[PDB]
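# give the three-dimensional model of this entry:
(one chain, ligands or ions: 1)
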Amino acid sequence: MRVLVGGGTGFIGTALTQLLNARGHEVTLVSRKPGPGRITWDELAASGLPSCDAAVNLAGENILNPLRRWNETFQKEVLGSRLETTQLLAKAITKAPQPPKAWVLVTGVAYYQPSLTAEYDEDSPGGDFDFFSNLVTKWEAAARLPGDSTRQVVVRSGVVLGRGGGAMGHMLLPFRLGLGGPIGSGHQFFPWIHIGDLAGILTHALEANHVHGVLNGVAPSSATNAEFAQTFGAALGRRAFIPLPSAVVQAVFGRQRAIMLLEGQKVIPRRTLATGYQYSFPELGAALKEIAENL
Ligand SMILES: NC(=O)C1=CN([C@@H]2O[C@H](COP(=O)(O)OP(=O)(O)OC[C@H]3O[C@@H](n4cnc5c(N)ncnc54)[C@H](OP(=O)(O)O)[C@@H]3O)[C@@H](O)[C@H]2O)C=CC1
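Numbering: from 1, shown residues only. And now the structure:
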C-alpha cells in the first residue's frame, strides 16, 4: 500500500511511518517544509492528491507546548491548523480521479466530558461542552467525506506515551530525577496509549477493510493519574512523591488546557477491540517498562 501522511514528520507520524514501512508499505508525508519523501501543503493545493491507496492526517499545532501562552492567537492556530489541513486533504480526496480506498484522522478523547463517575465508548455523546470537545467535533466534520468510495476512520486518541517525544518528552527527565508525582488530586482518569499501539491501530485501520467509523485510541486500562505516577516511578526506580497542585498547573498552562491535565475521562476502546486489533502494551506497567528500559 501507498500511504500519504499529513503531519507525518511528528511524534505519532514518525512511529507510524516506521511501522508502515516495516509492514511493506510506502509512505509520503505532507509537511510545511519541503524535502525528500514528502510534499508541501502548498503543493497539495496546487496540483492535487499524489497517487496513494490511503491517507492519514496528524497535522496540528502542538497544544501542550508550555512555551506558548493560551491566548486567542494560539487558540486560532490550534483550531485552524487542524481544520485547514484536514479540509485540504478531504477536498483533495473528493476531487482525486483515482481516490484512495481509506482515510483516517486522529483526534482526541477530549470529545468525552471529563468526569469522575462516567464511562465512555465510541458511541458516547460529547463534543459540545468546552473548547477541546468543540475542536474535535469541527475537526471530525472537516474530515467527513460524503459517499462511500473511501472508507473513513477516526481514531480518538488518549495520551500517547513513548520514547522520543510527546508528553514523555516533558515528563521523563523530571521523573528520572525524583521530581515526579501526581497532578492535582491524582484521582482523575488517565486515558493513555503506547505509541506502538496507536501506530498499530492506525495501521490496522489502513489495512483492514472492515474497519470504519470512530475508534478509541486508548489502552484497555483504568489507570488514574495517581496510578500513572506511581507505576512510572516504579519503572524508573525512583521516588515519585511530589504532587503538582492545581493552581500551579493552571498558572503554567491556563485554565482551559489545565483540564487536560487535572481532569479525565474513563474511555473504553470497545469498537477498537471489535476490529480484531490486539494490543502490544495493554497494561500500563508493561508500557512504561518498555519506555524506561530503552533510552
Ligand atoms: N498525546 C498525543 O500526542 C496526542 C496527539 N493527538 C493529535 O495527533 C496529531 C499528532 O500528534 P503528535 O505527533 O504528538 O504531534 P506533533 O506536534 O509531534 O506532530 C504534529 C505535526 O504536524 C505539523 N504541524 C505542527 N504545527 C503545525 C501547524 N501550525 N500547521 C500545520 N502543521 C503543523 C508538523 O509537521 P511539519 O513541521 O512537517 O509541518 C508536526 O510534525 C495532532 O493533531 C494532535 O492533536 C491526539 C491525541 C493525543
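# which residues in the chain form strands?
With DSSP state E, the ranges of strands along the chain come out as 2-6, 26-31, 38-40, 54-57, 102-108, 151-157, 159-161, 192-194, 213-217.
# with just CA atoms, put the fourth one into PDB.
Once side chains and other backbone atoms are set aside, the C-alpha atoms of strand 54-57 remain, and they are given as PDB (Å, rounded to 0.1, in the frame of the first residue of the first chain):
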ATOM      1  CA  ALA A  54      -4.700   5.500   1.700                       C
ATOM      2  CA  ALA A  55      -4.300   8.800   3.600                       C
ATOM      3  CA  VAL A  56      -3.900   9.900   7.200                       C
ATOM      4  CA  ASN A  57      -3.800  13.300   8.900                       C
END
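# what's in contact with it?
Outside strand 54-57, the residues that touch it by C-beta atoms under 8 Å, 6 or more residues apart in numbering are 1-8, 16, 49, 85-86, 89, 93, 100-106, 143, 202, 206. (C-beta placed from N, C-alpha, C; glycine too.)
# so which of those residues also contact the ligand?
Filtering those for neighbours of the ligand using C-beta under 6 Å from any ligand atom leaves 7, 85, 106.
# how about the residues of the stretch 1-150 of the chain by the ligand?
So the stretch 1-150 of the chain meets the ligand at 7, 9-13, 31-33, 58-62, 77, 81-82, 85, 106, 108 (C-beta under 6 Å from any ligand atom).
# and with 8 Å instead?
Neighbours of the ligand within the stretch 1-150 of the chain, by C-beta under 8 Å from any ligand atom: 6-14, 29-33, 38, 41, 57-64, 77, 80-82, 84-85, 106-110.
# buried only: go through those for me.
With burial judged by 16 or more other C-beta atoms under 10 Å, the buried subset of those is 6-14, 29-31, 38, 41, 57-60, 63, 77, 81-82, 85, 106-110.
# give me the residue from the chain nearest the ligand.
The minimum distance from the chain to the ligand, using C-beta to the nearest ligand atom, falls at residue 10 (2.1 Å).
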